[PDB]
Structures are given as structure tokens and as C-alpha cells.
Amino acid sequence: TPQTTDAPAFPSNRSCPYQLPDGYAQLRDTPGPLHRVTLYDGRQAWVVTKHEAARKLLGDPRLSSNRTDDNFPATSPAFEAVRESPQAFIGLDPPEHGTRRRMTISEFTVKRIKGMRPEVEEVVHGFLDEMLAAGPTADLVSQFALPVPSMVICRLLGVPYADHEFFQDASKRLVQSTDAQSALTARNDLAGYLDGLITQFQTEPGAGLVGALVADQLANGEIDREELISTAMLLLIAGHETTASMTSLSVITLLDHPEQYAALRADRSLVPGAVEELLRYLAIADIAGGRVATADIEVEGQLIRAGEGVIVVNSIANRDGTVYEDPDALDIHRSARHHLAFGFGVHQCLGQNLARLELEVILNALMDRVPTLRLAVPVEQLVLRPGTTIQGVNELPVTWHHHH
């Protein structure tokens, strides 16, 4: 019998780091904003494949972010770790979501992020000194891409960087876990570490956002101790892994487009616009759109019923040709405005401007100090993460014109 189905398996893995999987490109090319897929357990779900409908549904209050809902579209067995756990505000709906998010916004405002630029530049150049002094070759992930945002978010959260080896390992084991067992164990490792940190800040008040939440909201019973752990865990893990993966993939992508990398190096005013285009193009968090409908929603003839899972795939929506002409082409000179790599609505990425600053400083630093940077292995030799997690590589062997 023929094997063609009306709801293809979802998600799919990338074979090229800066191109949609073949299964996503056909979903992008089907007409209409919605299309059925099949999750890992056999459940069917909706995916959004157009930019305007993705933007409209991300702001529709009839789509809930409640992870604990039984109908929430889980995309892997490892997802049972966050469902079975107390929720941070990413999995909350209004009004409870707003009261929790307000406790954290002070550390991510524009004026606070801009003020952090001297500190971030010191952090980037510090790890660039060490990598260049150790001689080629080098793993760009473990020696630069991961340590730089790790130290920045640790200073922002109040987490001691002296323990970086522990929680970096546990954060990997959680994000790239393939079964619920290794995911549960990694999450418990981070929870146990953070709970000890909370007790530590109750004896002597600490710094950062975690120290402030312990001395203020937790002391007044406005947040549960376990809510504080999930919130701190969310910020810690999002603070490391997203920026590290954007850096690794942005380096890979720019090295495969040397004409645009040359233009970027010649005119640094293009860096902020190239970051926006890289965010649209790469879209490393395109699974970050899971929703469950609480009421019936009509979208251009199609009907989402209450209790159905919806997955807004921002990587597909960022390749909408009616918004960005020739969407599959990298183009640092294009207007990448209104892209959905950071989401949209009340759950729009809290640390989107920290990531913009981190990537801007990092790209300028690599072009200033290692302009001869190239990949020590062919791109096809690299191992990409599957579509069930944050896009990126685990290793990135690089080399350069060395001398000292």
C-alpha cells in the first residue's frame, strides 16, 4: 500500500544547520495556515506554517501554555520532565503569568542590558584570550560559545560561576535528554543545587536576581520555594544554551556565506541588522510554540477545536515568502523585522535583548581578533541536534592563522 499520510511525523531533524528540514519545507509550501501532524506517541496535532497566523495565534488568549494539561503537545518522551514539574511562568497563563514575570523584568530592561555592555565585552575577550593562547585547534562550543553566556547569566542571576562545571553538565543532560528518566535526573540535580542556594541566601543575603527573590518575594510568601527553583532554573538554562547555540550556528552559517561575512567585517554598522537576520534564519527554538486550545478557534476556514494541541513553528513562519522575499536565502542587508524567533505576545522572549547584545559583541570580537577563523572539519561531518530540542551542535572544531 502507499505510505502517504495526511499528518506527517513531527518534529523532523535538520540535515543542514541553516536550512529547514525537508519535511518542514513542504509544510511551509502547503496552502493555508494550519496542517495536521503526528507526534511521537501517535497523537495528532496542529502546526502553524504561516507568519500572519503564527503571529495572530501567539496573541490569542484561547491558546493556553499550561504544560500540565493532558492535551499539551509533547514532542518527545523527555518532555514528561517539565509536565511532571512545578511550572515557571513560561507555562503559566494570565493573570498568574504576569505576576511572576514582573518579578524578573528589572534585570532585562533595555537600559539595564545596554549598561551591561562593558561587562560582556570583558567576558568575551577574556575567553578569546585563553582560546587563542592555547593554540589551534579548539572546540568553539566548550571554550567560547558556552562559557561566555554562562558567566554573564550567572552574574545576573547571582549563581556562583565556581560551580559552572556542575550545572552546565546538568543543563545539557536536561535539554538534550531523549528519555524521561535522564531528563528527570538532570532536572532534580539542578533543583537540589538551587534549593541549597536558596537556603544559603536566607542565611547571608546574596546578589543577583535569585538573591533578590529570596529576600523579598519568598520572605513575604508571594512565591513558593519550588516556583523560585523552576524560575531560576528556566533563566539559568535559557541563559546558557540559546546564546551558545546561536553563536555556534551563526559561525557555521557565516563561514558558508563568505561574501556576506566579508561585508559584515568591512562595515560593523551592519552587525545589529545581521543579528536580526541570523535570528530569523536560524530559529534555534522553533519547538518553543506548544499550546493547547481551551476554546474553538476559527482560522481562515480551518477550525481548531478545544482540547487540541497547537505548535507554532517559528522557523517555518520565519520562512514565509509573502513576508520575506526569497526566504531561504541568508541576506544580512534585508529587513528581518517582525520575525518570530523570539515569539510574540505575553510570552515573548524575556531575554531577547540580552541575546542581541551578546551576539553583537561576540561577532565583533571574532571579526576583530580571529578574522582567519575557519572550520577544522567539513560541515557535513558535524553532528546536529535532533528537532526535539534546541537546534545546534555539541562540538565545533575550529582553527585559525596562529602566532605568538
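The term rigid core refers to the maximal set of C-alpha atoms that superpose within 1.5 Å between the two forms. The first residue of the shown sequence is 1; numbering continues from there.
Per-stretch RMS Cα distance to the displayed form in 6 other deposited structures of this protein, following rigid core alignment, is highest for 132-140 when 132-140 and 310-318 are compared.
In 6 other deposited structures of this protein, superposed by the rigid core, the C-alpha atoms of 78-86 lie farther from the shown form than the other of 188-196 and 78-86. Higher average CA B factor: 69-77, of the stretches 69-77 and 150-158.
Across the two stretches, 318-326 and 258-266, the PDB entry reports the greater mean Cα temperature factor for 258-266. As recorded in the entry, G206 carries the highest CA temperature factor of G307, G273, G206, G91.
Comparing the listed residues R187, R280, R291, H240, the entry records the largest Cα B-factor for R187. Per the deposited record, the Cα B-factor of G126 falls in the middle third when ranked against the other modelled residues of its chain.
Split the chain's modelled residues into thirds by C-alpha temperature factor. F342 is in the lowest one. Compared with the other modelled residues of the chain, the Cα B-factor recorded for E222 ranks in the lowest third. The entry lists a Cα temperature factor for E52 that places it in the middle third of the chain's modelled residues. Ranked against the other modelled residues of its chain, the C-alpha B-factor of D139 as given in the entry falls in the middle third.
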